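[1] just to be clear, this is only the beginning of the complex, oriented as in the whole thing:
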Amino acid sequence: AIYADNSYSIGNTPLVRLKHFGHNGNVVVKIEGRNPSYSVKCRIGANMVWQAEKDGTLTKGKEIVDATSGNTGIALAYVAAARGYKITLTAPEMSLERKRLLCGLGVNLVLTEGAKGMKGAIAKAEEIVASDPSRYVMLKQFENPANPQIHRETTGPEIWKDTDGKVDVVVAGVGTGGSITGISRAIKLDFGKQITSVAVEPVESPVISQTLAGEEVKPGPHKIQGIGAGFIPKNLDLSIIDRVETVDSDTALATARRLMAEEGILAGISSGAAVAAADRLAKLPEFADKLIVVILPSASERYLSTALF
């Protein structure tokens, strides 16, 4: 049928079997690049706005304020326009692409200082909302339960259905933790199957690995955009994570290049990280006959001025 606005069209993304990764086709990928704003975030942009409306936090008149490095800003920005909200986004004043894309979607952009970076813009966002709390709503991707909820309701059931319940393993890079949390809850709790949930983080910032091992948390710089926030976010449910896999920046990129040239899949850099990690678990006899489903958060063109090209 016909979606009332772009927000209602989120998801129903396809499963594609890999040919040059895994073992006799045991690695299938979910292309989240096929969304209204072309990322997994389209799901949480739609559901964080919907839920804020259902509980009167977001009202006709009120104005979205938020800080974004990328995908969620673009997602929350297509939703704002579709549903008729003014939005203000703050960002480490960067990617000229993402700046031009955001102004294109009718976002009132506020640039912070580089040296301060991501936490620079968060502060600035908060100030704008403390200037007039009654007119501003910060949705807060890293802790908003509406983030994991849409993945329990949509991304997870789609995996169940499309695999006919044969899914044995889910692999998901962790940014907010929303996807692995929501997906894992759907299959383990709603559908009653005891899959292996695998979180993927950069080896350069292995904070989930470090936490779970009782070792000093040392975050670090990497090139895998969308994962490796350098802290454990509230929307990563550790309790549902059966395994953590680390990937280096170089491998992730090469794997993203391999996905394009060898499989004809236009995947983002974080997509190369999940697939590198899935490929390793797939070439262990213990996962040989298991069906491994991998989340490919974004598409290639979002990355044209990055190390991916």
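    That came through fine. Numbers count the residues shown, from 1 in each chain, chains lettered A, B, ... in the order given.
[2] what about residue A:199, how many neighbours?
    29 (other CB atoms under 10 Å). Using the backbone N, CA and C atoms, a C-beta is placed for each residue, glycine as well.
[3] so how far is the helix or strand containing it from its chain's centroid?
    Assigned by DSSP states H and E, residue A:199 belongs to strand A:196-202. Computed by CA atoms, centre = their mean, to the nearest Å, the chain-centroid distance of strand A:196-202 equals 13 Å.
[4] from residue A:113, how far off is the residue nearest to residue A:96 when sequence neighbours are not counted?
    Spatial nearest neighbour of residue A:96, excluding adjacent residues (CB to CB, 6 or more residues apart in numbering): residue A:305 at 7.4 Å. As for residue A:305, its distance to residue A:113 is 21 Å (criterion: CB to CB, to the nearest Å).
[5] pull the residues that contact the strand holding residue A:199.
    A:168-174, A:177, A:180, A:183-184, A:188, A:207-209, A:220, A:222, A:224, A:227-228, A:236, A:240-249, A:252, A:273-274, A:277-278, A:281, A:287, A:290 (CB atoms under 8 Å, 6 or more residues apart in numbering).
[6] so which of those are in strands?
    Using DSSP state E, A:168, A:169, A:170, A:171, A:172, A:173, A:243, A:244, A:245, A:246, A:247 are the members of those that sit in strands.
[7] dump those residues to CSV, plus neighbour count and distance to residue A:21.
    Formatted as CSV, the entries for the ones in strands among the contacts of strand A:196-202 read as follows, by neighbours: other CB atoms under 10 Å; distance: CB to CB, whole Å:
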residue, neighbour count, distance to residue A:21
A:168, 17, 16
A:169, 21, 13
A:170, 29, 16
A:171, 30, 11
A:172, 31, 16
A:173, 33, 16
A:243, 14, 18
A:244, 21, 20
A:245, 21, 14
A:246, 19, 18
A:247, 28, 13
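[8] out of those, who's nearest residue A:158?
    residue A:170 (11.9 Å; CB to CB).
[9] which residues touch that closest one?
    Contacts of residue A:170 by CB under 8 Å, 6+ apart are A:159, A:180, A:183-184, A:187, A:195-198, A:292-295.
[10] what bridges to it?
    residue A:197, residue A:293 (DSSP bridges).
[11] if we can go back for a sec, out of the contacts of strand A:196-202, which are buried?
    The neighbour count (16 or more other CB atoms under 10 Å) marks A:168-174, A:177, A:180, A:183-184, A:188, A:207-209, A:222, A:224, A:227-228, A:236, A:240-241, A:244-249, A:252, A:273-274, A:277-278, A:281, A:287, A:290 as buried among these.
[12] next, the angle from the strand holding residue A:199 to strand A:243-247.
    30 degrees (axes from the mean of the first three to the mean of the last three CA atoms, to 10 degrees).
[13] only C-alpha atoms, please: export strand A:196-202 in CSV.
    Output of strand A:196-202 as CSV, limited to C-alpha atoms (Å, rounded to 0.1, in the frame of the first residue of the first chain):
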residue,chain,number,x,y,z
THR,A,196,24.7,-16.1,19.2
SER,A,197,24.6,-12.3,19.3
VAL,A,198,28.0,-10.8,18.2
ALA,A,199,28.8,-7.1,18.8
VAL,A,200,31.5,-5.7,16.5
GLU,A,201,33.8,-2.9,17.7
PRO,A,202,37.1,-1.4,16.4
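[14] can you give me how far stretch A:275-290 is from the chain middle?
    22 Å.
[15] and chain B, same structure:
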Amino acid sequence: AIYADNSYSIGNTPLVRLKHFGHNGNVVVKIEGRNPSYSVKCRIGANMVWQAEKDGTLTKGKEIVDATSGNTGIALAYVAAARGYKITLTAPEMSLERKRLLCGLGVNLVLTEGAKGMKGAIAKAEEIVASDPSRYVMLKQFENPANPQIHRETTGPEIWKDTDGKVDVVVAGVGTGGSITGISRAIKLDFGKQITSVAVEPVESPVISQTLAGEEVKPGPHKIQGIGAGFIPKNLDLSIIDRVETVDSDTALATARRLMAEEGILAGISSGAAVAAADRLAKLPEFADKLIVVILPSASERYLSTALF
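    Placed with the earlier chains, chain B looks like this:
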């Protein structure tokens, strides 16, 4: 279920109702940006390769050769990689984006001369195939019947199904003519409904309008990428075209900007042309109670270095 390669995942694209165009929601758009390679072309890349295989023109060993300004090169290029063909693409040596994207997908790129432009590269493609006819296959988007056939089989039936047969008008910019031809054949001949088929061309190169009016064909330069090839291609079936609408380059762009900021739809420049044209037919009493479905060939990020931003 699970697609054997990226080629099998083409289409099943969503219908989104517009809010700031048409009259009481009579204009709904089909987002073809949601495809393996993020355009309508993904459909013809898949089906031109499939059909060449089904009739032994394309064989394991053989090598795709073709000339492309954009979308079909990227489409045929993701298919080549997914199905395991080497491909050579020639192009007016341009858009650095599209160059980097194509090399990214494992395409052996051949650049021609600018001044000669699009017909420059066609010639060069032909030479490469005359150098060794037995190892090269040119698929020829502008006349290959497999182009309109996939739209009769997929894009058209999806419109029928999603609208429940209530579709009254289809609006489609014409590049190859494949989409309007295939879609129109599905609904008029396969489903038996006498819709208005509307072809959209730039007012700067109104060659379809000029032809049908028995007036001298004067092609001209414009900024609407993907339509207005400046000749009538063999895959445009004039016989199924009930009406032709012309749009200027400036309007098309503003409409593409309106689609982003007002509707939260990331559409390409040609998407602004179809919607401008649909909006005019929608605000005539004669189309007031009619359901108008519009083809939005591509997505915004394909256009970041263009006049759209």
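[16] could you list the domains of chain A?
    Listed by CATH domains of a matching chain, the domain ranges of chain A are A:1-40+A:144-309, A:42-143.
[17] out of these, which one sits most buried?
    domain A:1-40+A:144-309 (a mean of 21; mean count of other CB atoms under 10 Å in any protein chain shown).
[18] that one: end-to-end distance?
    Start-to-end span of domain A:1-40+A:144-309 (CA to CA, to the nearest Å) is 38 Å.
[19] so is it next to chain B?
    Yes - using CB under 8 Å from any CB of the partner chain, domain A:1-40+A:144-309 reaches chain B at A:1-7, A:9, A:12, A:14-17, A:19, A:28, A:31, A:33-38, A:162-164, A:257, A:260-266, A:299-302, A:304, A:308-309.
[20] so which of those residues are in helices?
    Using DSSP state H, the members of the residues of domain A:1-40+A:144-309 next to chain B that fall within helices are A:162, A:163, A:257, A:260, A:261, A:262, A:263.
[21] how about the closest residue to the first one other than its chain neighbours: which residues does it bridge to?
    In other words, residue A:162. Once flanking residues are discounted, residue A:162 sits nearest to residue A:15: 4.7 Å by CB to CB, 6 or more residues apart in numbering or on different chains. Counting by DSSP bridges, residue A:15 is bridged to residue A:30, residue B:2.
[22] distance check, residue A:15 against residue A:40.
    For residue A:15, the distance to residue A:40 - CB to CB - is 15 Å.
[23] how about residue A:117?
    23 Å.
[24] figure out the helix or strand that residue A:52 lives in.
    Counting by DSSP H and E, residue A:52 is found in helix A:41-54.
[25] so which elements touch that helix?
    When contacts are defined as 3 or more CB pairs under 8 Å, 6 or more residues apart in numbering or on different chains; DSSP states H and E, helix A:41-54 packs onto helix A:71-83, helix A:146-150.
[26] let's see it at 10 Å
    strand A:63-67, helix A:71-83, strand A:136-137, helix A:146-150, helix A:178-185 (3 or more CB pairs under 10 Å, 6 or more residues apart in numbering or on different chains; DSSP states H and E).
[27] export those to a markdown table and tack on distance to residue A:57?
    Formatted as a markdown table, the helices and strands packed on helix A:41-54 follow (distance: least, CB to CB, whole Å):
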| stretch | distance to residue A:57 |
| --- | --- |
| strand A:63-67 | 11 |
| helix A:71-83 | 14 |
| strand A:136-137 | 6 |
| helix A:146-150 | 11 |
| helix A:178-185 | 19 |
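[28] out of the ones you listed, which is closest to residue B:91?
    Among the helices and strands packed on helix A:41-54, helix A:71-83 sits nearest to residue B:91 (CB to CB), with 29.0 Å.
[29] does chain B sit close to that closest one?
    Yes - Helix A:71-83 is in contact with chain B by CB under 10 Å from any CB of the partner chain, via A:74, A:75, A:77, A:78, A:79, A:80, A:81, A:82, A:83.
[30] of all the residues you listed, which two lie farthest apart?
    Among the residues of helix A:71-83 next to chain B, the pair separated by the greatest distance (CB to CB) is A:74 and A:83, at 15.3 Å.
[31] residue contacts, residue A:138?
    A:52, A:57, A:64, A:65, A:66, A:67, A:122, A:125, A:126, A:128, A:129, A:144 (CB atoms under 10 Å, 6 or more residues apart in numbering or on different chains).
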